[PDB]
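>>> Fold the stuff below for me.
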Amino acid sequence: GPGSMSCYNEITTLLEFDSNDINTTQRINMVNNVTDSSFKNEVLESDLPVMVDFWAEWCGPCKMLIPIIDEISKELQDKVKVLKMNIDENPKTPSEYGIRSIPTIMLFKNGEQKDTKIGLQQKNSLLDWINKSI
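Numbers count the residues shown, from 1 in each chain. This is the structure:
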């Protein structure tokens, strides 16, 4: 029958952006995400209590807790350091600390674990809880 012939074509692929990476000793004294190395390095070196929220965008109510933490972080900044850890960025994290579920709130103090709480918590709940643990 008819020779089913089809020669495939190709187009040159180009790059968008360049490569760049920098790092300096700046204080992590602000609500942000930390990476696994920096997590231990900074958190386990913080004498003052640190609240770490292990999160992911596939939760749902993240959109709420971001403003909640946005406001509360500055309230706690003096006493308790609000820090975030995405389970996408640090896949070893939820295995190490047995994070089955999200948000999720985990309390540290001098790098030592105080208490843990899973689920969505509001401003008053967060404050109330961490003040019980510290």
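>>> Phi and psi next, for residue 112.
phi -90, psi 150 (degrees, to the nearest 10).
>>> Please determine how far it is located from residue 28.
Separation of residue 112 from residue 28 (CB to CB, to the nearest Å): 18 Å. C-beta coordinates here come from the backbone N, C-alpha and C atoms, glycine included.
>>> Counting neighbours, go ahead and name the busier of these two.
Counted by other CB atoms under 10 Å, residue 112 and residue 28 do not tie: residue 28 has more neighbours, with 17 against 9.
>>> What residues of stretch 33-43 count as buried?
Within stretch 33-43, the residues that count as buried by 16 or more other CB atoms under 10 Å are 34, 39, 42, 43.
>>> end-to-end on it?
Stretch 33-43 has an end-to-end distance of 12 Å (criterion: CA to CA, to the nearest Å).
>>> going forward can the numbers begin at 507, since that is how I track them
Let's use 507 as the start, then, which means that last one is stretch 539-549.
>>> contact partners of that stretch?
Taking contacts as CB atoms under 8 Å, 6 or more residues apart in numbering, the residues outside stretch 539-549 that touch it are 534, 556, 558, 587, 589-592, 595-596, 598-599, 614, 617.
>>> give me that answer again for 10 Å
529, 533-535, 556-559, 561, 587, 589-592, 595-599, 602, 614, 616-617 (CB atoms under 10 Å, 6 or more residues apart in numbering).
>>> Please apply the same query to stretch 521-536.
Under CB under 10 Å, 6+ apart, the answer for stretch 521-536 is 540, 544-545, 547-549, 552, 554, 556, 579-580, 583, 587-589.
>>> Farthest pair within those residues?
Pairwise distances across these peak at 23.8 Å for 547 and 580 (criterion: CB to CB).
>>> still on that earlier bit, please narrow the contacts of stretch 521-536 to those residing in strands.
Counting by DSSP state E, the part of the contacts of stretch 521-536 found in strands is 556, 587, 588, 589.
>>> That'll do, ta.
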